[PDB]
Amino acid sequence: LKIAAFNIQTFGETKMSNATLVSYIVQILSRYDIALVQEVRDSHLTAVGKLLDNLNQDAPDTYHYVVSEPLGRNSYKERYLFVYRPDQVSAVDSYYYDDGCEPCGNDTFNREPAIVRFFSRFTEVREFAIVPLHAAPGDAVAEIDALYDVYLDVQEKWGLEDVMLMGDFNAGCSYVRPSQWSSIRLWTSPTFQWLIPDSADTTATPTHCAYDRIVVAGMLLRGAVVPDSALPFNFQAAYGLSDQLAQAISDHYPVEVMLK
């Protein structure tokens, strides 16, 4: 089974009204049984609707989706979107993480995770959750750290230790410096296995940064991970694109992984 997290830079009406970009976005997303899409700026869900229509172009129900409400402390707010192949997996339910008091300017996440629970008959782990995160780059250390508490919360809600935490964590370059790692409970705790390594390049631009990550916890899920299957998908190289076209699709590569 194949799972990916993809930040598609300011995804919304503009990209979805461009047939060339749609073509590639669809081709990338269609690789996966579950795909998290981040940076969804789509206040009326019309871009999301266009995406699904394109995903389902030659067969209805090829993809279903779950989408969060817009999240963020001010403009511009972003939705977390999960598209998935419903013949492969089922999105069972979801909830918004309680990151404390927003009106207070006190809360722990810019875009608190909208957590989705999946059932998957073809893998060694049947029940697992995905916690999505597009971290605020200026608060990346505290937000990644806070995912430790999100993990503990998932066990409170669902009794579930099998949890994949993934997305654009902004976990590298200037946002998380080499020595700041011990400040991050999600990293210091042996509860978690970091699948995308520190050496990864997950940017479509010429920087070399391991921004986008996939982290797993729980006996059944960790056992289900194919070791070394977690990698950035360089769609520029894969499809032989120019720098221009690649970067117009997104400034990030998806990060993908296989579960057995």
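All residue numbers are counted from 1 along the displayed sequence.
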> Taking the recorded C-alpha temperature factors, which stretch has the higher mean, 73-81 or 145-153?
Replying inline: 73-81
>> Going by the mean C-alpha B-factor recorded in the entry, which is higher: 14-22 or 232-240?
In response: 14-22
> Of 95, 122, 169, 118, which one's C-alpha B factor is largest in the deposited record?
Replying inline: 122
> Whose C-alpha has the highest temperature factor in the PDB entry: 45, 36, 28, 195?
Replying inline: 45
>> Test of reading the entry: by CA B factor among the chain's modelled residues, which third contains residue 199?
In response: middle
>> Is residue 41 in the lowest, middle or highest third of its chain when residues are ranked by C-alpha B-factor?
In response: middle
> Lowest, middle or highest third: where is residue 67 by Cα B-factor in its chain?
Replying inline: middle
> By the record's CA B-factor, is residue 91 among the lowest, middle or highest third of residues in the chain?
Replying inline: middle
>> Lowest, middle or highest third: which one holds residue 113 when the chain's residues are ordered by CA B-factor from the entry?
In response: lowest
